[PDB]
Amino acid sequence: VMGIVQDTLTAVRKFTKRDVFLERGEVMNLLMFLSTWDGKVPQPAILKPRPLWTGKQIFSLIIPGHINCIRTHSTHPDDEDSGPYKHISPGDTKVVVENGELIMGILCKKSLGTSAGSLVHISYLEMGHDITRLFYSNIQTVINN
Amino acid sequence: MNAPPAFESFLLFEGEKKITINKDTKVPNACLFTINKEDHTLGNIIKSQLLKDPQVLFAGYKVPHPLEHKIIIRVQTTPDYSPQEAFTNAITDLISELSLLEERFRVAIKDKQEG
Amino acid sequence: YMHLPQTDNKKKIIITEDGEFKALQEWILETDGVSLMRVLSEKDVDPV
Amino acid sequence: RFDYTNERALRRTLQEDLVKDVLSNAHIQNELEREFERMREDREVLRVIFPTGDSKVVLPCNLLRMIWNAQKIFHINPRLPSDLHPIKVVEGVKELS
Amino acid sequence: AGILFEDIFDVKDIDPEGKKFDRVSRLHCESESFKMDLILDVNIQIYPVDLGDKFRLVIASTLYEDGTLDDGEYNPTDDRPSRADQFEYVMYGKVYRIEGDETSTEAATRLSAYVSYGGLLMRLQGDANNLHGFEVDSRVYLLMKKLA
């Protein structure tokens, strides 16, 4: 019944877009707003020429436990699944969460909203109300910052 | 009727310590500095000076609430180097930078005026 | 009225010999006013 | 319907002791046949219960997600033969039911 | 060692469907001496890549290449133990999908490896002999150096 709304949702989709790259100071600033952070900085997606992280890495740190979920973005073409490039997505419109990490996809209403089978719903049903509350707070704080 | 007086944004009343240091038990060689009655003006400059030390692994600041006035600064350093030493070095370093900038600005004022 | 239904809710669903569900378009009637006893007692309608 | 006739596909799916037991034991083969007969009767019951072929049904436990969670927890390699016995599967399902 | 794969590729097409992201361009490559198909997403802003470019691709399990296992944690200050820094572009990612053309009736002849580098996706197709080293949910370093 509760979901991610407004500024947080609009910035989640931009954060989860493929071409978003974060550098070191921004990564530390975002990581301070995680309550459930274990204090270990993850390996960046790009190590050379310069260390660059991706928004999917930070949101995978936000994701609690070992949630497994598959959703689709709102702009997902209907012909991608039938034809080739089914698991190598051109538009990054297929959300796949494996072992608590965001492998691919762009988050939107259809994955973080108040709909059945959402990431929030699976997080609740697999982890419990306390961990889902921490999930909500971490999403809002990190994305708003 | 619930408006706080304007001096409480920067004045310590009786009982509060300015800085409190707590170690972080989740990872080794990490400490959290809690600074009262300060804001982004000191937080950002201390974080940016701390990020220039190659023996500092993690450095950041945050404000837990904009209505309250405190800063949490978490510093993680390599072993053989302590976060308190890193913080002291950063503050001394910034003071030296500001002194150099002040004297050069004074020289520039004296050059521009009647010269 | 008279119409061939375009929705599977009012279409006829039959199981074929191979075993898959198949939808057949058959003419149905929609009325205005109710006489269920006489309509069901007519020889020509589907009583089920 | 489980196929115990084809030996090579069995060698791909399972280990050598399991496929030896499956190819040997007529008791195991009869139990698998009874399982398929029970699923066919269940299919007839489902087709009685649900006309029009609507399969979206609200149920408590999400079995597909639980299977996926088990695969990720126990590091299941899908390109290797397994060590799970089908009789163990059938008996575990019965005892859980 | 830990080098799962090593070859030289040729850029054939850059964004054939069209540019979908500003900083990321998807490039298709055909190798030589192995005949490997490849789809790769790179950060085009940091690392510019043109058509007809030749680069050497190395897929490695660890950067140290001395048999030392990696912890997966960013440790920038321990650059001492002789990491593989002969390559201009280095990426880190996890392989998530392995695809086979076969029907699992007799054997497998070609494999497809899908690796996600923090959302930057890569597919590498070819024979199973050179793709044997890939195991699902393992952590993989990608290294490229442009060849002139």
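Up top is the structure.
Residues numbered from 1 in each chain as written, not as in the entry; some residues may be left out. Chains lettered and ligands numbered in written order. Part of a larger assembly, values for the part shown. Heavy atoms only, no water.

(A) View of the overall build of chain C. If you tally the helices and strands in chain C, you get 1 helix and 4 strands. Listing every helix and strand of chain C by position from the N terminus yields β-β-β-β-α. Considering only contacts within chain C whose residues lie at least 6 apart along the sequence, 22% involve residues at least 24 apart. Total accessible area computed for chain C in this model is approximately 4700 Å², and 55% of it derives from carbon and sulfur atoms. Charge centroids of chain C, computed over 6 positive and 10 negative side chains, lie 4 Å from each other. (Helix = DSSP H or I, 4+ residues; strand = E, 2+ residues; numbered from the N terminus. Contact = heavy atoms within 4.5 Å. Areas by Shrake-Rupley, 256 points an atom, 1.4 Å probe, with all protein chains shown as cover. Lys, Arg positive; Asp, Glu negative; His and termini not counted. Charge placed at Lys NZ, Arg CZ, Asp CG, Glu CD.)

(B) Geometry of the sheet that holds strand β5 (residues 94-98) of chain A. Residue and element names in this part refer to chain A. Ordered in space as β4-β5-β6, the 3 strands form an open sheet in which the pairing is antiparallel. The open sheet has two edge strands with one neighbour each: β4 (69-72) and β6 (101-104). Recorded for the sheet is a direction-independent mean angle of 25 degrees between the axes of neighbouring strands. Note that β4 and β5 share 4 bridges and pair antiparallel. When the bridges of β5 are listed, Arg 71 appears paired with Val 95. (Pairing = 2+ DSSP bridges. Axes fitted to C-alpha atoms, helices over the stretch in contact; angles between N-to-C directions.)

(C) Structural detail: the interface of chain A and chain E. Between chain A and chain E, the contact holds 34 residues from the first and 42 residues from the second. When chain A packs against chain E, the two sides together hide about 3300 Å² of surface, and 59% of this comes from carbon and sulfur. For the pair chain A and chain E, the interface holds 4 salt bridges. Between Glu 73 of chain E and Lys 40 of chain A there is a salt bridge, and its shortest N-O distance comes to 3.7 Å. If you look at where chain A meets chain E, you find 17 residue pairs in polar contact. For the side of chain A that touches chain E, the secondary-structure elements that each account for two or more residues are β2 (46-48), β3 (53-54), α3 (55-62) and β6 of chain A. For the side of chain A that touches chain E, the per-class residue count stands at 18 nonpolar, 6 polar and 10 charged. By the bridge criterion, 2 bridges tie β2 of chain A to strand β5 (residues 89-100) of chain E in an arrangement that is antiparallel. Its bridge partner lying in β5 of chain E, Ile 46 of chain A is registered against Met 91 of chain E. (Buried area = accessible area lost by both parts, 1.4 Å probe. Salt bridge = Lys/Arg side-chain N within 4 Å of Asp/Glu carboxyl O. Polar contact = N/O pair within 3.5 Å; in protein donor to acceptor, adjacent residues only side chain to side chain. Nonpolar A, V, L, I, M, F, W, Y, C, P; charged D, E, K, R; others polar.)

(D) A look at the pattern of salt bridges. A full pass over the atoms with the stated rule returns 28 salt bridges over all chains. Among the ionic pairs, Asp 53 of chain E bridges to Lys 146 of chain E, the shortest N-O distance being 3.3 Å. Of this pair, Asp 53 of chain E sits in the loop between β3 (37-43) and β4 (54-60) while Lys 146 of chain E sits in strand β8 (residues 139-147), placing them 93 residues apart in sequence. On the accessibility criterion, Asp 53 of chain E (17% relative accessible area) is buried. Among the residues examined, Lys 146 of chain E registers a relative accessible area of 24% and is labelled partly exposed. A single salt-bridge network, built from bridges that share partners, covers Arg 18, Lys 56 and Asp 92 of chain A together with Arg 26 and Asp 41 of chain E. (Buried < 20%, exposed > 50% of the residue type's maximum accessible area, 1.4 Å probe, protein only.)

(E) Quick peek at unusual backbone geometry. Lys 48 of chain A connects to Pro 49 of chain A through a cis peptide bond whose omega is 5 degrees. Within the secondary structure, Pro 49 of chain A sits in the loop between β2 and β3. One non-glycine residue, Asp 92 of chain A, adopts positive backbone phi at about 55 degrees. Take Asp 92 of chain A: it is sitting in the loop between β4 and β5. The residue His 75 of chain D is not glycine, and still its phi comes out positive at about 60 degrees. Relative to the helices and strands, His 75 of chain D resides in the loop between α4 (63-73) and α5 (86-96). Of the residues examined, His 75 of chain D reaches a relative accessible area of 68% and is grouped as exposed.

(F) Structural view of the interface of chain A and chain D. Taken together, the contact between chain A and chain D spans 9 residues of the former and 4 residues of the latter. Both faces considered, chain A and chain D share a buried interface measuring about 660 Å² in area, 50% of it formed by carbon and sulfur atoms. It is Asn 68, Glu 98 and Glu 126 of chain A in chain A that bury the most area against chain D; as a group they hold 63% of the surface buried on that side. Counting the contacts that link chain A with chain D gives 2 salt bridges. Of the charged contacts in the structure, one is a salt bridge between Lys 72 of chain D and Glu 98 of chain A, with a shortest N-O distance of 3.1 Å. Summed over the shared surface of chain A and chain D, the number is 4 residue pairs in polar contact. Take the side of chain A that touches chain D: its biggest share by element is 3 residues, from helix α5 (residues 119-127) of chain A. Looking at the side of chain A that touches chain D residue by residue, the classes come out as 5 nonpolar, 2 polar and 2 charged.

(G) Spotlight on the arrangement of the chains. The protein chains that touch form 6 pairs of chains, and the pair with the most contacts between them is chains A and E. For chain A and chain C, which are not in contact, the least C-alpha distance works out to 22 Å. The two units chain C and chain E are non-contacting; their minimal C-alpha-C-alpha distance is 25 Å.

(H) Looking closely at the packing of aromatic side chains. All chains considered together, the criterion is met by 10 aromatic pairs over all chains. Stacked on the ring of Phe 58 of chain B, the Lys or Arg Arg 74 of chain B has its end atom at 5.0 Å from the ring centre. (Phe/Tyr/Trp six-rings, centres within 6.5 Å; stacked < 30°, edge-to-face > 60°. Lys NZ or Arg CZ within 6 Å of the ring centre and 35° of its normal.)

(I) Quick look at the side chain of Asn 68 of chain A. On the secondary structure map, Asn 68 of chain A appears in the loop between α3 and β4. Polar side-chain contacts of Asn 68 of chain A include one of 3.4 Å to the backbone oxygen of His 66 of chain A. From its side chain, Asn 68 of chain A meets the backbone nitrogen of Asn 99 of chain A in a polar contact 2.8 Å long. With residues near it in sequence (within four places) discarded, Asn 68 of chain A still touches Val 97, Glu 98, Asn 99 and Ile 122 of chain A together with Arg 65, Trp 68, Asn 69 and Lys 72 of chain D.

(J) View of the sheet that holds strand β3 (residues 56-62) of chain B. Residues and elements named next belong to chain B. The strand order β1-β2-β4-β3 describes an open sheet built from 4 strands, whose pairing is antiparallel. On the outer flanks of this sheet lie β1 (19-23) and β3, each paired with one strand and no other. The average angle at which neighbouring strand axes cross in this sheet is 15 degrees, direction not considered. Contacting β2 (30-36), β3 and β4 (70-77), helix α2 (residues 83-112) crosses the sheet at an angle of about 45 degrees to β2.

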